[PDB]
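**Student:** Pasting a structure below so you can have a look.
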Amino acid sequence: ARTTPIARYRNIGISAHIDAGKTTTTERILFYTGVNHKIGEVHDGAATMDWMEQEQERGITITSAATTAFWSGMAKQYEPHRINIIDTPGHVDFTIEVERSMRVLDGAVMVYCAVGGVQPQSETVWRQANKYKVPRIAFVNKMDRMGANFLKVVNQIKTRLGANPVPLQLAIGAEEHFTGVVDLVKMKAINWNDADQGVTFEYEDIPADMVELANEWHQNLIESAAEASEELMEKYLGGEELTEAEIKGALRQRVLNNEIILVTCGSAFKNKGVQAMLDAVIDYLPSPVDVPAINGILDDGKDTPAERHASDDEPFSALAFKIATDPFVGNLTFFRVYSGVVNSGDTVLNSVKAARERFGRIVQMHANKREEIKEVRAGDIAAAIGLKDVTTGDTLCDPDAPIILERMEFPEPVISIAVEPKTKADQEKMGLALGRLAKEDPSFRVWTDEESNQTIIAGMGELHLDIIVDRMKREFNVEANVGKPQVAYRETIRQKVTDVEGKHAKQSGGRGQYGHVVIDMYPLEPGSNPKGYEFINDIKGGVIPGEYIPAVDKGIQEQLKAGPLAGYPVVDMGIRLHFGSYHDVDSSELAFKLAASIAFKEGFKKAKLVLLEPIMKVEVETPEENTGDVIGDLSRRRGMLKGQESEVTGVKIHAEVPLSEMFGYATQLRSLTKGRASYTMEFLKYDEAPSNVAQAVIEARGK
Amino acid sequence: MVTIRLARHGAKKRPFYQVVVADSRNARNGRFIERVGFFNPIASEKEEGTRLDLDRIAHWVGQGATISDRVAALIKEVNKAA
Amino acid sequence: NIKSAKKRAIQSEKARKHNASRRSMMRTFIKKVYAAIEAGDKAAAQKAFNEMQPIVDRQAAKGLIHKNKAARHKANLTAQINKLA
Amino acid sequence: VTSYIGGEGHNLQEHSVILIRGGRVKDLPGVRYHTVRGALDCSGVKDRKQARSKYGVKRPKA
Amino acid sequence: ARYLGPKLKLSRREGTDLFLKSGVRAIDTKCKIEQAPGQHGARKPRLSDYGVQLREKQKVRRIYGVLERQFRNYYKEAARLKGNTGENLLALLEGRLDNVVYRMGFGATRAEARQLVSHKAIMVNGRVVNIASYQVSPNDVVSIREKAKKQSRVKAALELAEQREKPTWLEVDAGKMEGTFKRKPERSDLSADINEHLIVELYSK
RNA sequence: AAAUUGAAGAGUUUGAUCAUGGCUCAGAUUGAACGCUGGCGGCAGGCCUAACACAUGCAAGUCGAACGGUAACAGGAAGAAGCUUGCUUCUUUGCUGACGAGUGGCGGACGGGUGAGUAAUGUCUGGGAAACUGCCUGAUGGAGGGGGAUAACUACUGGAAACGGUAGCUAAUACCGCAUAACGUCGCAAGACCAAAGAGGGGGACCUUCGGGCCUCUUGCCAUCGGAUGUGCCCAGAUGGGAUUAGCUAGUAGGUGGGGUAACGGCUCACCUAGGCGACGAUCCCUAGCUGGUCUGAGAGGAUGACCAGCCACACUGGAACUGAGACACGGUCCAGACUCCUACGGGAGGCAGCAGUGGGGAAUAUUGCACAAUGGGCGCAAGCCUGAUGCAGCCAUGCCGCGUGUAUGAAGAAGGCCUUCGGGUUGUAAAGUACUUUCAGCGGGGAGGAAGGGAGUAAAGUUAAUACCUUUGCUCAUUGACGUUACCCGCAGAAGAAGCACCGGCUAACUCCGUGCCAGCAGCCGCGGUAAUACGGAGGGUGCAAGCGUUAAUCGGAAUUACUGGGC
Ligand SMILES: Nc1nc2c(ncn2[C@@H]2O[C@H](COP(=O)(O)OP(=O)(O)O)[C@@H](O)[C@H]2O)c(=O)[nH]1
Ligand SMILES: [Mg+2]
Ligand SMILES: [Mg+2]
Ligand SMILES: [Mg+2]
Ligand SMILES: [Mg+2]
Ligand SMILES: [Mg+2]
Ligand SMILES: [Mg+2]
Ligand SMILES: [Mg+2]
Ligand SMILES: [Mg+2]
Ligand SMILES: [Mg+2]
Ligand SMILES: [Mg+2]
Ligand SMILES: [Mg+2]
Ligand SMILES: [Mg+2]
Ligand SMILES: [Mg+2]
Ligand SMILES: [Mg+2]
Ligand SMILES: [Mg+2]
Ligand SMILES: [Mg+2]
Ligand SMILES: [Mg+2]
Ligand SMILES: [Mg+2]
Ligand SMILES: [Mg+2]
Ligand SMILES: [Mg+2]
Ligand SMILES: [Mg+2]
Ligand SMILES: [Mg+2]
Ligand SMILES: [Mg+2]
Ligand SMILES: [Mg+2]
Ligand SMILES: [Mg+2]
Ligand SMILES: [Mg+2]
Ligand SMILES: [Mg+2]
């Protein structure tokens, strides 16, 4: 039945900063397990994981791709383990993707560069992994590059991220003469062979060049491993050397509770270290049943609603972590079965939305390539064709299973752009493309603001957002150029008050009626009410008929609602009716509303009121070294500031900035802060601003 | 094999077959050489469920016509001896 | 291909080789008879006709050609040889 | 072809896509088609309450 | 598929009595039967040939509780059947199961007969029928089911079933609560106010 | 008995009339779409345009009762694993059930799809001769005898794969010669010539080399004459528009001879004649699958070919053939073209107009579903396997039909709206209130029928030489439904969960007020709106239809408005 035992299943992710060697380390993994005949290089687009045309051309991973392998051992020590590795992206432009893959996986191998070590995206993946408490290990890649030092990278990890790291494999030699690595348990130096592409290696006697630091760190490894149970420490302090098996098990325990991360070193480009990192994935990373079960809520929660041991007998439960786009079926749902068994054709219940979905074609994955499989067992990552409504993060299960799983959080887009196709009448096709790309990606949203015709595109970055437009050009072909959003202004009176009026000679004999109103315009103040329309009834002279006395406020709405000046609504206008004229036969309301309109018009021209811009509450965090640069950038713009606050891990700056300015502020912020700042918009009250554009939007049309 | 088979006419969830002597290549409801009686499967009442045309069926089977399984069963049940 | 109609393809090619061999042998024997009839030596034409006749009857029986085709060959050749005198 | 825009008030700009049906307006010589209101971004006649199946106006609650 | 509204409006629009109410009180005492239902009912619009044909057809439609599609079907069937079209049409309208139920009591109105037929309380010739359009046939025995006998409406309807002309084609046995359908009513066996040729020529236009 | 019983008009040229004459409406119908609304069930329908391009999964396999054989499972056999001479399982033996791959047989030419081409090589109707036909069936016979291979396999080997090489083999219902065959072929005659294959079940002997021989029955093979079916071919009539298409044709029309076809034939070749078709429309151009039938019409007729069924044609475009009874072959071969895909760059694979499904086009047309349980089809002695045929399920008020959204009672004729002559009227028994019912929807419980068959045992005869083994007909046994939480029945709660769409000047059924003021707007036709609009917009009221309604598109009718029936100058 089940091909591989549940213990011999690894669902692992490869997460780190941009270009740390993650996509290569995956190629060398697929090479040392024989599934790909050619090694392939990321720069020459040969990489199988980089299947999208953008990924080939720009040498970046714009998506998560899944693959499988069978790593027996370095000497075939263990039975073949089925490792499901989903390569992930490091660009801040695509963070949903890394968190998306990160949630389901049981372990993470965090790549690092020897030159740089801890980098901004490395802290980002660290915080994402820490919130989901995934057990982690680390690989220091690019040890061949100059400036390489294992020790410094270890110290950077300890000092910055916060973990206390235990070295597992040190490095023999400098950057160019990187022969191989020495393990701190078997006490063997696995020097790799240059002639062949890393497939073979030769074990040596760990020469005296590094025989004292090696012993020291080996001892530190022993001591760190002994902090798993009192039985380890008691024998350790007894003067006897612990056996390798208990050391490895105690380390596996410490990784399981996430106290420590095990750091291995190697260089994928130099075809070295990859076999040892995969070996340490088998030895130390957790299998699905090597942790306690996942929890959930049933019928608005319970004491212990679900503790589903991953097994082939319990009822089916899963999570759809990823949605992809297939032009030929219309969807591609990636799911991890946490506990249960499902098969082709089987129906499931989407617990959150309470509906029925049929699994048409469950398949397994090798990057873009798809291989049909009849059934999926528990703990396996697969893709489900035939799903047409399930959003990212929705639990898919058979009936009487946990309704809601913990995967209920997604980030907020920072960059907002507009887009408009060259031929304007491709709007329906573009809208369909945007709707699909927004349903698949929850961090990309498309809302068409109804003041204008523009389609608003929100994303995590300018890269993100332009990959979402050239991808449209290539697949589901449409040609569209991006631009800037338009302006949503409002108006406030510049402290002017009078008793203006309006009058038209509607009588003429035959017509039979006329209307006149005496109003009193005033503002209240900038931002005391949500309901800008204020009206306190006070009609004294010429009191109108008593069936529609309070009904002379809704008729004023059709002027305040939209468009008195340059097609922009108005806020804070107060009307106060004192006098007028009528005749109590049939005083026509619709032609009495003309007097009020001309009264508003006259009040507007005599008032000389000025335009009000949208200004929001941005809040930014940053390290206490770039405070000057960020505040200088806001000061260069017409931006106010609010809060002298310093956090413990940074500083929270609060600033009031316009909306027509600061277009693409996030990317500039990342540039001037080394990509280590975020922000948010709270849409606070509008503020006055001297603007040469405020009158140019109405003098474009003249009078 | 010129066959004598049921032709499956009628309505949804209530079949009513036509015993037709038709060449075995043509479809079930397709071209036939002759129709020899009907057969109502769902009849469980006084009116006759089935009716055959015994002399023409005998002529055909003497001319080498193949008899289907259900048509053989209806020839059986129609005869009093079986 | 896709299905197991490739077996019929191999059987068809082998049968084409065999049928082409045997049909060519038949046709060369009949060309021999025609050359004899066009030479005018009635005795060689009669011997050639009596040599081709069992060949064509055997193949007509096997099904490589039809009984009508064999009978047409024998009838035409007998008519030719009889008017040859 | 030329085509009428029925109802009271429209929103037809220079590139808006619309559905065209048969008809005639008779007083306009050369207009033999009518714009189907309330279909394909040609919004329905505002504040309409009678003959509402035509002009593409959704049902008020009332 | 059923008019759930004010029946008396219908009656006074046709002017005559459509028998859409029980005999508890007279028709005039419940509605102003003389005038039309509108606020302009007091006035009188001069009739037209199409007007009177439509009004006769609608009077028949409102009496029997039939909709236009079914009534058109009953006219295609009546035209198909040999003999006088209007006579066949009246037979097909009296053949309706709610019609025969009403004419046999058990409901003070044809809408009550529709409720009785629909709520699985009727057995025609043994088989429990609950289809209000069931075309009754000669020698059919209409029986009420158990758990429906002695209910308030059936008792009120049986007592109220008197004071009206007994149909000469039904031969109902009141006490045991079974009735027969010995033969279809002929032309002269009905209201005689219904001008059937008007409807026939309206539907043959 | 009955197979019909069937034919309506109106508005609009005019100051008004009568004719002529056109436009429009009332009806029926749709593979429909759009707008508004939407409860259920049954039966049907569902890419009308791009025969545009297709990812993916299935749409054709089967037979061990043809054969060599053993890859996988099981049963055993010999044991010196495990061991208490084993219940706690080591390998080998096709030995037996079985069976991957292979040789071979049959199917793959059926079923399914589409209408591009085709105006006549097609179809329909009615005949005909110059024909073939696997499987089905009847009649007569034969069914001696032998050989060479060869796949599979073994070895070496090449290739990324696809797929091969090169030697050694090993069978067969694979192939080949001989013998033999005449109411069979050729020949006027005489005469000459042509075939095969065996396998399975059991068994009284009796002989063996436990291979079996031998006796039975069941199938299978070969020849010939028949029938049935299916197919090929020919003739006549009919089957669109254009003369703003009058000449067309050189194998062209025919004859003789040779060749070819299963078969007649310029089908083809070599000569010879100079014919042949055409004003009854040849030739050319555009369009088009044809028919039973569908819609309409009282008919005659007009339009049409969605469903269903028959025939034809096509399978990415063009051409040619092979195997085979049958093809010039959807899911076969070869080539040329274009497209797409895999590649290790050396090469290789494919053709959804099969069922789903995608892109695109379009106003517009469904699920990447469940079973072979029914009936069929292929294979097989069967059991059984396969079948995207078929039976079902899903989506969509797309159509037709049926039902429900309550029923009775109820005058303060409530409030409120609207009109008002200010009296009142209308909304209106309508509501509320009172009494009663629970169809259908929702829960809970019972529950047909579509199921015939097939398998094992048994008995009876038929069978032989044998009560065995095989047919056939009964008796018993366990049984086979995807649909399916089936139809249907019973119970539980309560009127709860269920009404909208168009119109209201005349045609045409149903009128007033308000706001607008030749404006905004309505309209199928006549027309309306420039200060009292039943014609616009809203409100009240009413009329028609109703889970639908209206609009648009299309056909016929009305249209006697192409008038043959049935018109005029
Ligand atoms: N020198 C060197 N270059 C490396 C190494 N690993 C990867 N690279 C290259 O560095 C670049 C970034 O590595 P890549 O795997 O694309 O990173 P990712 O995009 O974050 O997965 C590519 O051009 C790689 O070929 C390494 O160990 N040494
Ligand atoms: Mg990468
Ligand atoms: Mg209905
Ligand atoms: Mg195509
Ligand atoms: Mg086999
Ligand atoms: Mg041999
Ligand atoms: Mg043979
Ligand atoms: Mg000849
Ligand atoms: Mg012509
Ligand atoms: Mg065509
Ligand atoms: Mg007519
Ligand atoms: Mg079709
Ligand atoms: Mg051929
Ligand atoms: Mg195909
Ligand atoms: Mg084929
Ligand atoms: Mg489209
Ligand atoms: Mg079957
Ligand atoms: Mg199937
Ligand atoms: Mg009132
Ligand atoms: Mg129910
Ligand atoms: Mg049954
Ligand atoms: Mg039975
Ligand atoms: Mg009227
Ligand atoms: Mg109309
Ligand atoms: Mg007015
Ligand atoms: Mg109006
Ligand atoms: Mg006519
Ligand atoms: Mg005339």
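By order in the structure tokens, chains are A, B, ...; within a chain, residues start at 1; ligands start at 1, following the order shown.
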Show me, as a PyMOL selection string, every residue of chain A with an atom at most 10 Å from chain D, counting only C-alpha atoms.

**Tutor:** chain A and resi 423-428

**Student:** Compile the contact shell of residue 22 in chain B as an mmCIF file with N, CA and C atoms, in the first residue's frame: residues with an atom at most 7 Å away, counting only C-alpha atoms (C1' of nucleotides), same-chain residues fewer than 5 positions apart removed.

**Tutor:**
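part18.cif, written as the output of this step:
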```cif
data_model
loop_
_atom_site.group_PDB
_atom_site.id
_atom_site.type_symbol
_atom_site.label_atom_id
_atom_site.label_comp_id
_atom_site.auth_asym_id
_atom_site.auth_seq_id
_atom_site.Cartn_x
_atom_site.Cartn_y
_atom_site.Cartn_z
ATOM 1 N N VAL B 2 -26.811 -11.987 -38.433
ATOM 2 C CA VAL B 2 -28.052 -11.223 -38.382
ATOM 3 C C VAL B 2 -28.727 -11.557 -37.059
ATOM 4 N N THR B 3 -28.869 -10.559 -36.200
ATOM 5 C CA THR B 3 -29.295 -10.787 -34.829
ATOM 6 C C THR B 3 -30.789 -10.477 -34.716
ATOM 7 N N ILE B 4 -31.374 -10.852 -33.581
ATOM 8 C CA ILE B 4 -32.730 -10.486 -33.194
ATOM 9 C C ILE B 4 -32.594 -9.964 -31.770
ATOM 10 N N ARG B 31 -30.916 0.973 -37.957
ATOM 11 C CA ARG B 31 -31.617 0.288 -39.036
ATOM 12 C C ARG B 31 -31.891 -1.171 -38.685
ATOM 13 N N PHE B 32 -33.108 -1.621 -38.981
ATOM 14 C CA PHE B 32 -33.517 -2.998 -38.761
ATOM 15 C C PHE B 32 -34.269 -3.523 -39.977
ATOM 16 N N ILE B 33 -34.277 -4.850 -40.106
ATOM 17 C CA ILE B 33 -34.891 -5.506 -41.253
ATOM 18 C C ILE B 33 -36.383 -5.742 -41.044
#
```

**Student:** What's the 12 Å shell around residue 336 in chain F, counting only C-alpha atoms (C1' of nucleotides), without same-chain residues fewer than 6 positions away, as a ChimeraX atom specification?

**Tutor:** /F:317-320

**Student:** Show which residues sit within 9 Å of residue 1 in chain C, as a PDB file with N, CA, C and O atoms (P, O5', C5', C4', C3', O3' and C1' of nucleotides), in the first residue's frame. Count only C-alpha atoms (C1' of nucleotides), and ignore same-chain residues fewer than 4 positions away.

**Tutor:**
```pdb
ATOM      1  N   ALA C   5      -2.544  -1.089 -32.056  1.00  0.00           N
ATOM      2  CA  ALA C   5      -2.684  -1.249 -33.498  1.00  0.00           C
ATOM      3  C   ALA C   5      -1.339  -1.303 -34.213  1.00  0.00           C
ATOM      4  O   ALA C   5      -1.310  -1.444 -35.440  1.00  0.00           O
ATOM      5  N   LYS C   6      -0.235  -1.182 -33.472  1.00  0.00           N
ATOM      6  CA  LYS C   6       1.097  -1.364 -34.038  1.00  0.00           C
ATOM      7  C   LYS C   6       1.362  -2.821 -34.393  1.00  0.00           C
ATOM      8  O   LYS C   6       2.133  -3.104 -35.322  1.00  0.00           O
TER       9      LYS C   6
ATOM     10  P     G F 332      -4.336   4.357 -33.922  1.00  0.00           P
ATOM     11  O5'   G F 332      -4.558   4.510 -35.489  1.00  0.00           O
ATOM     12  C5'   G F 332      -3.463   4.784 -36.348  1.00  0.00           C
ATOM     13  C4'   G F 332      -2.989   3.533 -37.041  1.00  0.00           C
ATOM     14  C3'   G F 332      -1.877   3.716 -38.056  1.00  0.00           C
ATOM     15  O3'   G F 332      -0.599   3.876 -37.461  1.00  0.00           O
ATOM     16  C1'   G F 332      -3.527   2.314 -38.963  1.00  0.00           C
ATOM     17  P     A F 349       8.916   8.568 -34.411  1.00  0.00           P
ATOM     18  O5'   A F 349       7.891   9.333 -33.465  1.00  0.00           O
ATOM     19  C5'   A F 349       7.385   8.707 -32.297  1.00  0.00           C
ATOM     20  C4'   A F 349       6.363   9.573 -31.610  1.00  0.00           C
ATOM     21  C3'   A F 349       5.201  10.042 -32.465  1.00  0.00           C
ATOM     22  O3'   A F 349       4.207   9.042 -32.617  1.00  0.00           O
ATOM     23  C1'   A F 349       6.063  11.867 -31.248  1.00  0.00           C
ATOM     24  P     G F 350       3.227   9.054 -33.890  1.00  0.00           P
ATOM     25  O5'   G F 350       2.153  10.170 -33.536  1.00  0.00           O
ATOM     26  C5'   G F 350       1.389  10.093 -32.341  1.00  0.00           C
ATOM     27  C4'   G F 350       0.643  11.375 -32.100  1.00  0.00           C
ATOM     28  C3'   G F 350      -0.211  11.844 -33.261  1.00  0.00           C
ATOM     29  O3'   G F 350      -1.473  11.198 -33.263  1.00  0.00           O
ATOM     30  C1'   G F 350       1.077  13.654 -32.424  1.00  0.00           C
TER      31        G F 350
END
```

**Student:** Up to 8 Å from chain F, what residues of chain B turn up? Count only C-alpha atoms (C1' of nucleotides) and give them as a ChimeraX atom specification.

**Tutor:** /B:1-2,5-8,11-15,23-28,30-31,41-42,62-66,70,73

**Student:** Go ahead and write the selection's residues with N, CA, C and O atoms as a tab-separated table (two decimals), in the first residue's frame.

**Tutor:**
```
chain	number	residue	atom	x	y	z
B	1	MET	N	-23.74	-12.59	-38.55
B	1	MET	CA	-24.70	-12.74	-37.46
B	1	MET	C	-25.86	-11.77	-37.52
B	1	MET	O	-25.87	-10.80	-36.77
B	2	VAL	N	-26.81	-11.99	-38.43
B	2	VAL	CA	-28.05	-11.22	-38.38
B	2	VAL	C	-28.73	-11.56	-37.06
B	2	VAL	O	-29.09	-12.71	-36.80
B	5	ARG	N	-32.61	-8.64	-31.60
B	5	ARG	CA	-32.27	-8.03	-30.33
B	5	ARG	C	-33.35	-7.03	-29.92
B	5	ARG	O	-34.27	-6.73	-30.68
B	6	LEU	N	-33.20	-6.52	-28.71
B	6	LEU	CA	-34.08	-5.50	-28.17
B	6	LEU	C	-33.55	-4.13	-28.56
B	6	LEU	O	-32.33	-3.90	-28.55
B	7	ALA	N	-34.45	-3.21	-28.89
B	7	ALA	CA	-34.05	-1.94	-29.48
B	7	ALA	C	-34.07	-0.75	-28.52
B	7	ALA	O	-33.60	0.32	-28.91
B	8	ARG	N	-34.57	-0.92	-27.29
B	8	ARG	CA	-34.49	0.08	-26.21
B	8	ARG	C	-35.08	1.43	-26.64
B	8	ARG	O	-34.38	2.43	-26.84
B	11	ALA	N	-39.04	5.75	-22.52
B	11	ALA	CA	-38.79	7.02	-21.86
B	11	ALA	C	-37.80	6.82	-20.73
B	11	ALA	O	-37.34	5.70	-20.46
B	12	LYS	N	-37.45	7.92	-20.08
B	12	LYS	CA	-36.45	7.93	-19.02
B	12	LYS	C	-36.93	7.17	-17.79
B	12	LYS	O	-38.04	7.39	-17.30
B	13	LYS	N	-36.08	6.26	-17.31
B	13	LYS	CA	-36.32	5.38	-16.15
B	13	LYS	C	-37.56	4.50	-16.28
B	13	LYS	O	-38.10	4.03	-15.28
B	14	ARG	N	-37.97	4.18	-17.52
B	14	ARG	CA	-39.14	3.37	-17.87
B	14	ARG	C	-38.93	2.83	-19.28
B	14	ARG	O	-39.59	3.29	-20.22
B	15	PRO	N	-38.04	1.87	-19.47
B	15	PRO	CA	-37.73	1.39	-20.82
B	15	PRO	C	-38.86	0.59	-21.43
B	15	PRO	O	-39.78	0.13	-20.74
B	23	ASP	N	-29.24	-6.49	-38.59
B	23	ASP	CA	-27.83	-6.81	-38.76
B	23	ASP	C	-27.02	-6.32	-37.57
B	23	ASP	O	-27.22	-5.21	-37.08
B	24	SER	N	-26.11	-7.18	-37.09
B	24	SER	CA	-25.37	-6.92	-35.86
B	24	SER	C	-24.42	-5.73	-35.95
B	24	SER	O	-23.93	-5.29	-34.90
B	25	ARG	N	-24.14	-5.20	-37.14
B	25	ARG	CA	-23.25	-4.05	-37.21
B	25	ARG	C	-23.97	-2.78	-36.77
B	25	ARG	O	-23.44	-2.01	-35.97
B	26	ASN	N	-25.17	-2.55	-37.32
B	26	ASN	CA	-25.97	-1.36	-37.06
B	26	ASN	C	-26.24	-1.18	-35.56
B	26	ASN	O	-26.12	-2.11	-34.76
B	27	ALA	N	-26.63	0.03	-35.20
B	27	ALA	CA	-26.77	0.35	-33.79
B	27	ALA	C	-28.05	-0.25	-33.20
B	27	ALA	O	-28.87	-0.84	-33.91
B	28	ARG	N	-28.17	-0.12	-31.88
B	28	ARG	CA	-29.29	-0.71	-31.15
B	28	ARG	C	-30.62	-0.11	-31.57
B	28	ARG	O	-31.61	-0.84	-31.75
B	30	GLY	N	-30.81	1.67	-34.40
B	30	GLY	CA	-30.60	1.96	-35.80
B	30	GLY	C	-31.43	1.11	-36.73
B	30	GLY	O	-32.51	0.63	-36.39
B	31	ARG	N	-30.92	0.97	-37.96
B	31	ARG	CA	-31.62	0.29	-39.04
B	31	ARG	C	-31.89	-1.17	-38.68
B	31	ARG	O	-31.03	-1.88	-38.16
B	41	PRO	N	-40.58	-4.22	-19.87
B	41	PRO	CA	-39.97	-4.83	-18.68
B	41	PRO	C	-40.66	-4.45	-17.38
B	41	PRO	O	-40.76	-5.29	-16.48
B	42	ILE	N	-41.13	-3.21	-17.26
B	42	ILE	CA	-41.62	-2.71	-15.98
B	42	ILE	C	-43.06	-3.09	-15.70
B	42	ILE	O	-43.57	-2.82	-14.60
B	62	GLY	N	-34.73	-20.00	-38.93
B	62	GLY	CA	-34.50	-20.99	-39.96
B	62	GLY	C	-33.63	-20.46	-41.08
B	62	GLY	O	-32.89	-21.21	-41.72
B	63	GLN	N	-33.71	-19.15	-41.34
B	63	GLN	CA	-32.85	-18.47	-42.31
B	63	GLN	C	-31.47	-18.13	-41.75
B	63	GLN	O	-30.70	-17.46	-42.43
B	64	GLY	N	-31.15	-18.58	-40.53
B	64	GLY	CA	-29.84	-18.36	-39.96
B	64	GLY	C	-29.71	-17.18	-39.02
B	64	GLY	O	-28.58	-16.80	-38.70
B	65	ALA	N	-30.81	-16.59	-38.57
B	65	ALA	CA	-30.73	-15.43	-37.70
B	65	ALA	C	-30.30	-15.81	-36.29
B	65	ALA	O	-30.78	-16.80	-35.73
B	66	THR	N	-29.39	-15.03	-35.73
B	66	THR	CA	-28.93	-15.24	-34.37
B	66	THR	C	-29.95	-14.67	-33.39
B	66	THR	O	-30.54	-13.61	-33.63
B	70	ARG	N	-31.72	-12.04	-24.17
B	70	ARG	CA	-33.03	-11.63	-23.68
B	70	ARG	C	-34.15	-12.06	-24.62
B	70	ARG	O	-35.25	-12.39	-24.16
B	73	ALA	N	-34.80	-15.55	-23.83
B	73	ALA	CA	-35.57	-15.65	-22.59
B	73	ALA	C	-37.03	-15.30	-22.81
B	73	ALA	O	-37.91	-15.89	-22.18
```

**Student:** If we count only C-alpha atoms (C1' of nucleotides), what is near residue 48 in chain C at a cut-off of 6 Å, once residues fewer than 3 positions away on the same chain are taken out, given as a tab-separated table (two decimals) with N, CA, C and O atoms, in the first residue's frame?

**Tutor:**
```
chain	number	residue	atom	x	y	z
C	33	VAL	N	4.39	-16.27	-70.20
C	33	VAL	CA	3.39	-16.79	-71.13
C	33	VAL	C	3.07	-15.75	-72.21
C	33	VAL	O	2.92	-16.10	-73.39
C	45	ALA	N	4.42	-21.71	-75.47
C	45	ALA	CA	3.31	-21.03	-74.82
C	45	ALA	C	2.42	-22.02	-74.07
C	45	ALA	O	1.96	-21.72	-72.96
C	51	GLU	N	2.54	-24.38	-66.80
C	51	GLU	CA	3.37	-24.10	-65.64
C	51	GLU	C	2.75	-23.02	-64.75
C	51	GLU	O	2.82	-23.12	-63.52
```
